[PDB]
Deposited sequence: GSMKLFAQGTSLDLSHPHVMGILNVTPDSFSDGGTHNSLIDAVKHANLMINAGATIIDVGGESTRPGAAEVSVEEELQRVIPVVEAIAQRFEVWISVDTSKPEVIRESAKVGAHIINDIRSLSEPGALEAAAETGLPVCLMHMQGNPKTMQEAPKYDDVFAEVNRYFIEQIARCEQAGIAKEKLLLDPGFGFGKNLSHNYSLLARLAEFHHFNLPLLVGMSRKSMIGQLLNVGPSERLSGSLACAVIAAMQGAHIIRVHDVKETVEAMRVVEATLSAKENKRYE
């Protein structure tokens, strides 16, 4: 299993760690943070300029472009690392790809007018994430009769939508969207059944780092979540998740080495 972008490839025969670069002197600091994450073993850096948090306010196209594009450009011309861009906006998609981004990682799964066409036009890999509702209301009262089945159905529908628009399946990644319109019990159901999403034969991307599913379980603040975060990452990686999106790159990469050593000693290379 392999992705292709910007003349290079990413080998997903083992887990990859994706370092979070939140850009909600800004430029110099962001590039220093990327550099530390690459040194710590991150092979993808995820650049995001619009808060995707519960209650988040929208940012203008011009402001997002100012936050994001100079960060993507600077990273693409200094390091060899892959770059994902965390955006919903057709223009940010286009401009990001122009300055070297490798993956479009939209929490809205290209739902914004023109996003689907912009993504297709780039030829880049696209991550389809499940979210119930939108960031302003998703956490008010998340509700499912069957969260796994409903996220599974969403991925069937969005894969088709993307194929229809000329995005080949081989470009797609799937992410169940931990914390995006889910209560604590919904999140743990998806984590527990994560391996079952492999039936699509597509890369799985997960992001649990420092999230509420750890916070509300342990009743701790956001700086006390490293152990819980590593536990989530290891649980996901043991079930064959391909990309783990995190704040704490060094510790995660170390945990992924242990997983890799364990999976390579196993006959069928996956827990289920």
Query raised in the report: Where are the holes in the model when you compare it to the deposited sequence?
Result: 1-2, 27-36
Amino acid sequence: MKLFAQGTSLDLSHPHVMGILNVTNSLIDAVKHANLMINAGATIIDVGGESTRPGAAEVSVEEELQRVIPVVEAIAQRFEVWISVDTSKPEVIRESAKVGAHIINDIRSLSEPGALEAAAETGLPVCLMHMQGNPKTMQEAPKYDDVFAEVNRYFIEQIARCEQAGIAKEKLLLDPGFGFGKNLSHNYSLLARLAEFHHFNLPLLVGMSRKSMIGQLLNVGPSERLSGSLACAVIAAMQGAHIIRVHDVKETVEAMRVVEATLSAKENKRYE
From here on, numbers count along this sequence of modelled residues.
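The term rigid core refers to the maximal set of C-alpha atoms that superpose within 1.5 Å between the two forms.
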Query raised in the report: Core fit done; bigger CA RMS in 8 other deposited structures of this protein for 126-134 or for 94-102?
Result: 126-134
Report summary line: Between 204-212 and 44-52, greater root mean square CA displacement in 8 other deposited structures of this protein relative to the shown form, after rigid core superposition, belongs to 44-52
Query raised in the report: Of the two stretches 248-256 and 10-18, which shows the higher Cα B-factor on average in the entry?
Result: 10-18
Query raised in the report: Between 167-175 and 123-131, which has the higher average C-alpha B-factor in the PDB entry?
Result: 167-175
Report task. Name the residue from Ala34, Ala237, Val206, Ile44 with the greatest C-alpha temperature factor listed in the entry. Result -> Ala34
Report task. Can you pull the Cα B-factors for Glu150, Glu140, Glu196, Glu80 from the entry and say which is highest? Result -> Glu80
Query - Third of chain Cα B-factors occupied by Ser212 - result: lowest
Query raised in the report: Comparing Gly100 with the other modelled residues of its chain, is its CA B-factor in the lowest, middle or highest third?
Result: highest
Query raised in the report: What third of the chain, by the recorded C-alpha B-factor, contains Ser60?
Result: middle
Report summary line: Chain-relative C-alpha B factor for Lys136 (record values, thirds): the highest
Query raised in the report: What third of its chain's C-alpha B-factors does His242 belong to: lowest, middle or highest?
Result: lowest
